[PDB]
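First listed ligand is number 1; within each ligand, the first listed atom is number 1. Proteins come first, then strands; the chains are lettered A, B, ... in the order of their sequence lines, and each starts at number 1.
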Amino acid sequence: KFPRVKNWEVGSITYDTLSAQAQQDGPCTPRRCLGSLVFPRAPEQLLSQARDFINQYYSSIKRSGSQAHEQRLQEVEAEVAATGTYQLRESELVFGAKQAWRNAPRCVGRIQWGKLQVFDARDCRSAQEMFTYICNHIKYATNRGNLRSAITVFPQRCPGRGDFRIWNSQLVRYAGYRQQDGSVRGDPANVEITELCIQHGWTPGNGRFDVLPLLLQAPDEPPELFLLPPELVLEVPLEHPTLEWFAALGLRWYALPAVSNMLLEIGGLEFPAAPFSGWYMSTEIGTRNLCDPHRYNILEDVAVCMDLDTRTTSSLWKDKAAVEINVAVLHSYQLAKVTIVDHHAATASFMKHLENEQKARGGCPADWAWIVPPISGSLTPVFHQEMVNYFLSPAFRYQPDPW
Amino acid sequence: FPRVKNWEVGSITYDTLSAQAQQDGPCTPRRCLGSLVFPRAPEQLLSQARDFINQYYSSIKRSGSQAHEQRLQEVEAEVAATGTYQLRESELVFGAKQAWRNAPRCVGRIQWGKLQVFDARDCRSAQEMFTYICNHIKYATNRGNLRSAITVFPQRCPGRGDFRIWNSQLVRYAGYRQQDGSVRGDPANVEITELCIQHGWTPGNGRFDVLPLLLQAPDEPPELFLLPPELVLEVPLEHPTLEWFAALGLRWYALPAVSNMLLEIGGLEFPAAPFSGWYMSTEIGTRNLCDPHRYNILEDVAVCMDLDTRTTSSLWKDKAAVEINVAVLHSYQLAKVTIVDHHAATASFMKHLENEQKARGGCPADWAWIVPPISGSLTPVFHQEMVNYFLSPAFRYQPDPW
Ligand code: HEM
Ligand code: HEM
Ligand SMILES: N=C(Nc1cccc(CCNCc2cccc(NC(=N)c3ccco3)c2)c1)c1ccco1
Ligand SMILES: N=C(Nc1cccc(CCNCc2cccc(NC(=N)c3ccco3)c2)c1)c1ccco1
Ligand SMILES: C[C@H](O)[C@H](O)[C@H]1CNc2nc(N)[nH]c(=O)c2N1
Ligand SMILES: C[C@H](O)[C@H](O)[C@H]1CNc2nc(N)[nH]c(=O)c2N1
Ligand SMILES: [Ca+2]
Ligand SMILES: [Cl-]
Ligand SMILES: [Cl-]
Ligand SMILES: [Gd]
Ligand SMILES: [Gd]
Ligand SMILES: [Gd]
Ligand SMILES: [Zn+2]
């Protein structure tokens, strides 16, 4: 009843007994596996999720079955009966945010899941106040390059009132300007959000690394435009330790990855606006963001500059250029003293996380296709580690775009 | 019908072939086990045999014709007369091609229509097994112009043991347990190296000692056979610009010939049916030479390249891995031995996916095995969603004979 899980480098075997607690269904069936898909898509149903969450909280502090445990279950149950919903205690909100991170199958950085600064913005009332909370988040998390993981959670969804939403997918994003000749200047992943910014009154730039404004949605209001103070947005110019012409490409990336479009679910309550941030793994910038053909797509230009033979695939010019672009990212962030982790250290720490979690909970939900880095996969230990993917709660969840 | 998206181009297909999945994979709505390596009656036979004959005749457009009805009745009588039945040679050919075409973990299936089938179903002993295998290796090697081939030995049946090739491949380098715990040679082959020794093989002591074959005819024990060295084409590994790379003494063999999988066709089972194609360069230069539990040479190369190995963030592992793959591609091309690099191979699999969408509404594919083990996202398959399911005919794993 419990999946056997093998590490093929070491030969070691565990059994994932935690998957038996998966609280929601994924996309696979015995007939076919859809694990490679990007989008795998009241009263006492809310109550059973809430009771489970409270059970998790009281287990974490080693007070299960205590008087305080029972009283809090009764308190939640009575509030759901009266009002159709309930409120988390402050301590429960902190625990639930950390649990949602811990439960995220596609996150390789979960060794850190216990170190998370939780800003409680549940009393936020307007889009202006939203912006203040977000600026305080960026300042705290950036910390002049010594990055600190943080999450700010805005008011929960409730009936009779629209959601708080941040329309941008991240707090810091470069504009992508759609070109009439099909192409794009800037980041192509951000074409749609760029057009929404202009529609709502932003005067666009014409550079490749123009920081986007924020579109902030308060309940039952159209989004409002807010410009980030340039000194809040720490950026790193990209150079290479030995390829001095690299600096002339004029490349740059931003310090702080702050994801703002996912939904945080805790004990059946839903928080549609709860941006979270940590720090980058360098392959995100060096491999995906700069070398994906549908992103900045610089691979061929760098290889030409390296005087590689780009006319035959078998010279492995693509692999050589990509490796140096990753070197440039790592070197440039270290030179600027901005926290970054390379894919070797990050995957080694995840292996330690897996072993911690096997002891602590008897398994760990993990999405192999997302945990293995996009370069050098089998050079990292996670490649050889079998993994079990499943959905626990608290959880970070995809949600529709509010437009 | 699952929706399948390519995230580089934005194109959308629907896999209608998955609905015909013959067996069950390991996944459930509760949890996905797609990353696991091993996904943990006369009526039974007849049902599978009928589906396959129907597959075959539909594929030659003799659909429901008189040749179709007659073959169905022959199978029925043969199983009642004997408990099994015999494939026609054209059905055997079609069945081996389909089993390759259906293999979810094979990135080289663009070639699925081009397969030489050697019918060894009349084989009698391990000596004859050795002859078939030597002919296969000769034909497939073809002086380095590799040609895909499979040899099919007699099916299993009740009352009689099976034919088996005990070696996982026809060409394997010995793995020698050492008195200091380590392994000299290939750690993957420590078990079969000891089995060969146990059955009376004089061991070598090199890192690339080609193993003998342990071949097993029904019910008598296995016999050791030595491969004639001139039959085993090898490629000494050199680097186009790192002159010292040659002196590391690395080599690999030309012909990847997998000999421990079971071929299933129409409910019949062939426990010995060795098949061969040619290598994708990452199999050798990344997995076989750089896996920590294989030859594990990555740090050796990095030291020779004078890389800074005391910090992960110099990406010394990545640079050395790439140059080892460069040396592999260079050495095979120089030796005029067929090889395909991971860029060309994944570009061809994308075309295969497009051809299969038209041919039969989809294609079973195992994303984790299709995406190469270096430079994953530099290849088109990384951005391609895939659906994994089990069709028949098929190649399946099977327990070791011991
Ligand atoms: C502390 C350093 C961290 C590192 C190095 C890290 C690393 C990563 C990486 C490389 C990914 C895959 C992203 C992609 O390919 O698009 C990811 C995904 C994810 N991370 Fe982490 N992470 C960190 C912290 C955090 C924190 C603080 C949270 C939340 C509190 C978090 C939650 C998530 C979630 C929910 C995903 C899945 C996102 C998706 O499916 O799009 N991570 N992480
Ligand atoms: C002709 C050139 C071919 C290329 C370039 C190629 C490439 C590959 C690669 C790279 C793998 C992954 C193997 C691993 O990582 O261990 C694989 C798997 C596989 N191939 Fe192909 N292959 C070729 C021909 C063939 C042929 C002729 C057959 C059978 C008739 C075949 C059947 C299979 C099967 C069944 C697997 C799955 C193996 C497993 O699960 O262990 N392939 N192929
Ligand atoms: N591709 C699309 N959307 C899309 C869908 C699913 C997934 C993605 C991938 C986008 N992950 C962004 C992301 C999520 C989590 C972590 C990090 N990174 C970190 N280090 C970090 C951040 C915070 C703490 O740590 C980056 C994108 C799309 C839709 C329409 C057109 O394109
Ligand atoms: N060794 C083990 N693990 C393991 C288990 C299952 C599978 C594997 C992976 C081993 N595929 C070998 C293989 C299979 C198919 C294709 C190729 N390559 C080609 N190009 C080729 C050959 C013919 C035509 O083309 C290589 C490894 C094991 C089992 C028990 C203890 O350890
Ligand atoms: C189709 C495939 O699932 C898709 O390209 C995935 C694969 N693995 C990934 N892994 C990470 N970390 N990030 C991604 O965007 C993806 N993309
Ligand atoms: C655990 C994981 O399934 C295992 O390491 C897989 C991953 N992908 C692979 N992909 C290929 N082509 N060959 C392999 O042996 C593997 N091994
Ligand atoms: Ca209250
Ligand atoms: Cl990003
Ligand atoms: Cl191999
Ligand atoms: Gd230089
Ligand atoms: Gd030297
Ligand atoms: Gd060392
Ligand atoms: Zn699955």
- Query: Going by the atom numbers of ligand 6, which of them fall below 4.0 Å from some non-hydrogen atom of A:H384?
  - Reply: 5 (O)
- Is any side-chain N of the basic residue among B:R101 and B:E356 closer than 4.0 Å to the acidic one's carboxylate O? yes
- Message: I'd like to check B:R105 versus B:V37 (side-chain heavy atoms, cut-off strictly below 4.5 Å). Are they in contact?
- Response: yes
- Query: Going by distance only, is there an N or O of B:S148 that falls short of 3.5 Å from an N or O of ligand 2?
  - Reply: no
- Would you call the rings of B:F153 and B:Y132 parallel, tilted or perpendicular if under 30° counts as parallel and over 60° as perpendicular? perpendicular
- Minimum side-chain heavy-atom gap B:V107-B:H342 below 4.5 Å: no
- Item | Donor-acceptor under 3.5 Å (B:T346 side chain, B:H343 main chain) | yes
- Would a 4.5 Å heavy-atom cut-off, applied to side chains only, mark A:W253 and A:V329 as touching? no
- Heavy-atom distance under 4.5 Å between the side chains of A:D292 and A:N297, does that happen here? no
- Query: Identify the closest protein heavy atom to atom 7 (C) of ligand 6: which residue and atom is it, and at what distance?
  - Reply: A:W368 CZ2, 3.5 Å
- Item | Aromatic B:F349 / basic B:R109 pairing, under 6.0 angstrom, 45° off normal | no
- Query: Nearest protein heavy-atom contact for atom 34 (C) of ligand 2: which residue, which atom, what distance?
  - Reply: B:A103 CB, 4.0 Å
- Note on the structure: The closest protein heavy-atom partner of atom 6 (C) of ligand 6 is B:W369 NE1, 3.8 Å
- Message: Is atom 11 (N) of ligand 3 touching the protein, meaning some protein heavy atom lies under 4.0 Å away?
- Response: no
- Query: Does B:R287 approach ligand 2 within less than 4.0 angstrom via side chain, backbone, both or neither, non-hydrogen atoms only?
  - Reply: neither
- What atoms in ligand 3 come closer than 4.0 Å to a heavy atom of A:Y398? 6 (C), 7 (C)
- Query: Heavy atoms, side chains only, cut-off 4.5 Å: are A:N389 and B:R31 in contact?
  - Reply: no
- Item | Pair B:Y253 + B:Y279: ring centers closer than 6.0 Å | yes
- What heavy-atom pair brings A:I138 and A:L171 nearest, and what distance separates the two atoms? CG1-CD1, 3.8 Å
- Message: Using a 4.0 Å cut-off to any heavy atom of B:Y397, which atoms of ligand 2 qualify?
- Response: 39 (C), 40 (O), 41 (O)
- In the protein, what heavy atom is nearest to atom 4 (C) of ligand 2, and what distance, to one decimal place, separates them? B:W278 O, 3.5 Å
- Query: Which residue holds the protein heavy atom closest to atom 3 (O) of ligand 6, what is that atom called, and what is the gap in Å?
  - Reply: B:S35 O, 2.6 Å
- Message: Checking the N or O distance criterion of under 3.5 Å, is ligand 6 in contact with A:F383?
- Response: yes
- Go through ligand 3 atom by atom and flag the ones less than 4.0 Å from a non-hydrogen atom of A:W370. 7 (C), 9 (C)
- Which residue and heavy atom of the protein sit nearest atom 24 (C) of ligand 2, plus the separation: B:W100 CZ2, 3.5 Å
- Taking the non-hydrogen atoms of B:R287, is any one of them nearer than 4.0 angstrom to ligand 6? yes
- Task: Below 4.0 angstrom from a heavy atom of B:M280, which ligand 2 atoms are there? Numbered from 1 as shown, please.
- Result: 10 (C)
- Note on the structure: Note: ligand 6 atoms sitting under 4.0 Å from heavy atoms of A:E386 are 1 (C)
- Give a yes/no verdict on a cation-pi contact between B:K114 and B:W112, requiring under 6.0 Å between NZ or CZ and the six-membered ring centre and an angle within 45° of the axis. no
- min-distance protein heavy atom vs atom 12 (C) of ligand 2 -> B:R105 O, 3.8 Å
- Item | Check ion pair B:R396-B:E269 (N to O, under 4.0 angstrom) | yes
- Should the pair B:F395 and B:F275 be assigned to parallel (<30°), tilted (30 to 60°) or perpendicular (>60°) ring geometry? tilted
- Note on the structure: shortest atom 16 (C) of ligand 3-to-protein heavy-atom contact is with A:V259 CG2, 4.0 Å
- Message: With nothing but distance in play, are any N or O atoms of A:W279 less than 3.5 Å from an N or O of ligand 3?
- Response: yes
- Taking atom 38 (C) of ligand 2 as the reference point, the nearest protein heavy atom with its distance: B:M261 SD, 4.2 Å
- Task: Would you check whether A:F396 reaches within less than 4.0 Å of ligand 3, judged by its heavy atoms?
- Result: no
- Side chain, backbone, both or neither: A:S277 near ligand 3, heavy atoms under 4.0 Å: backbone
- Message: Minimum distance, heavy atoms only, to atom 23 (C) of ligand 2: which one of B:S348, B:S168, B:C106 is it?
- Response: B:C106
- Task: Considering the heavy atoms of A:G278, write down every atom of ligand 3 situated less than 4.0 Å from one of them.
- Result: 23 (C), 24 (C), 25 (O)
- Item | B:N102 side chain near B:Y389 side chain, heavy-atom distance below 4.5 Å | no
- Item | atom 8 (N) of ligand 6: nearest protein contact (heavy atom, Å) | B:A368 O, 3.0 Å
- Query: Taking the six-membered ring of A:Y398, is the NZ or CZ of A:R41 close enough (under 6.0 Å from the centre) and on axis enough (within 45°)?
  - Reply: no
- Query: Considering only heavy atoms, which of B:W369, B:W112, B:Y279 lies nearest to atom 15 (O) of ligand 2?
  - Reply: B:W369
- Residue, atom name and distance, where the atom is the protein heavy atom closest to atom 29 (C) of ligand 2: B:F275 CD1, 3.4 Å
- Message: Working note: B:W367 + B:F382, criterion ring pair (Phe, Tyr, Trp, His ring centres under 6.0 Å); need CA distance, chi angles, decisive distance, verdict.
- Response: CA-CA 8 Å; B:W367 191 97; B:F382 183 97; 5.3 Å; yes
- Heavy atom of the protein closest to atom 7 (C) of ligand 2 (residue, atom name, distance): B:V107 CG1, 3.8 Å
- Nearest neighbour in protein (non-hydrogen) for atom 4 (C) of ligand 3: A:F39 CZ, 4.3 Å
- Task: Check whether any heavy atom of B:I150 sits under 4.0 Å from an atom of ligand 2.
- Result: no
- Message: Only heavy atoms of A:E284, strictly under 4.0 Å: list the atoms of ligand 3 that pass.
- Response: 17 (C), 18 (N), 19 (C), 20 (N), 26 (C)
- For ligand 3, which atoms have a heavy atom of A:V38 less than 4.0 angstrom away? 5 (C), 6 (C)
- Provide the number and element of each atom of ligand 2 under 4.0 Å from a heavy atom of B:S276. 27 (C)
- Would you say A:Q385 has any N or O atom under 3.5 Å from an N or O of ligand 6, going by distance alone? no
- Query: Within a distance of under 4.0 Å, is there any protein heavy atom near atom 27 (C) of ligand 3?
  - Reply: no
- Message: Less than 4.5 Å apart, side chain to side chain, heavy atoms only: is that true for A:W167 and A:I193?
- Response: yes
- Describe, in one word, how the ring planes of A:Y140 and A:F119 are oriented to each other, choosing from parallel (under 30°), tilted (30 to 60°) and perpendicular (over 60°). perpendicular
